[PDB]
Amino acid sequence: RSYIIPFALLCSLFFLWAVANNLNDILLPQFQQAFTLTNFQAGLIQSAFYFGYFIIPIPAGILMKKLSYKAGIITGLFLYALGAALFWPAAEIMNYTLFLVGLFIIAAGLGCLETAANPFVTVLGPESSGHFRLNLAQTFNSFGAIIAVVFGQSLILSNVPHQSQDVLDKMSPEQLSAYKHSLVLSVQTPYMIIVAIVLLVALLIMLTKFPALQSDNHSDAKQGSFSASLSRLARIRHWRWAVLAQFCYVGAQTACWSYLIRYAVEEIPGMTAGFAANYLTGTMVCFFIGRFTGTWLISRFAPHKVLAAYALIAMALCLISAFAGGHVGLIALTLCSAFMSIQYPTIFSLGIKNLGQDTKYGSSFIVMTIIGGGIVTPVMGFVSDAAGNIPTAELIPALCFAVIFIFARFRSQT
C-alpha cells in the first residue's frame, strides 16, 4: 500500500518524463540540421554518449551508495534540465562549445537516471514483482514516447522553418544568419515547456515520500566499499551473465533499427528512404504493443521464461529477416521489435534481483553495456559490406538474441 502509491506516481512520472525527453529528441536534430555541417566536432557529440553511458554510471552509483536512489534520481533529473537549459542560449548566440557542454551535462543526466531509476523500481516492493514493476513503468515510458511523437511531432514541426538545403546554399550570409535565428527562436518555447516538465517531475519526487529499502541502507562502511561490492559481484554469476546479456540486447536492438531503412531501400524496389521510415514507425508501435502484452505476460509468468521465449522469437524473426528478403524479411525485421520489448527491463531485473547492497553498483555496470549499442555498428557495417547486402548482417542481432536466451535459461541464483 505504501509501496503502491509511490509506484503509480513513478509510472505517471515515467510517462511524463518520457514525453519531455523524446520531445527533446525530436528538436535536437533541428539545431544540427540547420547549422549543417561539420566533421571532427560530430564525433564530439557521440562522446556525450560514452560519457553519460559509461563514465557517469559508476560515479552515479557511488553517489547512490553513499546517499540513496532518490538522491541519484534527483541529481539525474537535475543534470538533465541543466543540460537541456544550456541549449537555447548556445543556439541564441551560436556558441557551439556551450551547446556541446550542455550536451555532456544532459548526457550525464541520462546515464544518471538510467542507473538510478531502474533498480529503484524493481526494489520498490516485494522481490517477485521487481520484474513486473520495472516492465510496467517501462511501458509508461514507451507510451510517453508514443504520445510526444504523436500529439507533439506534428503539432510542433509545423512551426519550424522548412528549408531545402539548396535554398540555404543560395542564401546570402545575412540571410543565413537570419534563417538560423528564426529557427532557434521557434524551438526555444517548447524547450521551456520541456525544462518546465523536467522540473515539475523533480519537484514531485522531492514532495514524494518513499518507504525504506535494504539496498539503500548503510550498515556497512568497509565492506560497503566499491571493490568490496565489486569483488562480491564476481560470482554472482546471473549478474555477470545479465551483464553480457544487456551488452548483446543493446547491440542487437540498435543493429536492427539503425540498419532497418538501409535494409528496406536495398531490398524492396522501389523504396524511397522517405517511405521506408513508415516501417521504422511501425517498429516503435510493435515495441510499445510488444511491451504492453509482454508485461501482461510477466505478471502471469516466470519472467525468465517470457524473456527466453521472446529472445528466441526475436532471434527467429532475425534469421527470417537474414534469409528472406523482399517484404517478407522486412516485416520480420520490423516485427522483431515487438519481441525486443520486454527484454531490456527483464534482463535488468533478473540481473540485479537480488543483490541488496550491491544492487546499486551492479546497476552501474548493466548501464555501461549500453556501450554495446556503439560497438555493434562497425560490425554491422563490416559484415554488411563484407557480404554485399544488409540482410546477412541481420544474423548479428540474431546472434545477440541467441546469447540472451541462454541467459534467460541461466538467470538462476542461490
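The first residue of the sequence shown is number 1, and the count goes up from there.
Stretches 349-357 and 36-44 differ in mean C-alpha B factor, with the higher average recorded for 36-44. Set 25-33 against 382-390 and average the Cα temperature factors; 25-33 ends up higher. The PDB entry gives the largest Cα B-factor of the residues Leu312, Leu207, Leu335, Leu244 to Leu207. Taking only the listed residues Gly274, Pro119, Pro126, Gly109, the entry reports the highest CA temperature factor at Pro126. When all modelled residues of the chain are sorted by CA temperature factor, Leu399 is found within the middle third. Split the chain's modelled residues into thirds by C-alpha temperature factor. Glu266 is in the middle one.
When the modelled residues of the chain are ordered by C-alpha B-factor, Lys305 sits in the lowest third. Residue-level temperature factors show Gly326 in the lowest third of its chain, judged at the C-alpha atom.
Sort the chain's modelled residues by C-alpha temperature factor and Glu114 lands in the lowest third, per the entry.
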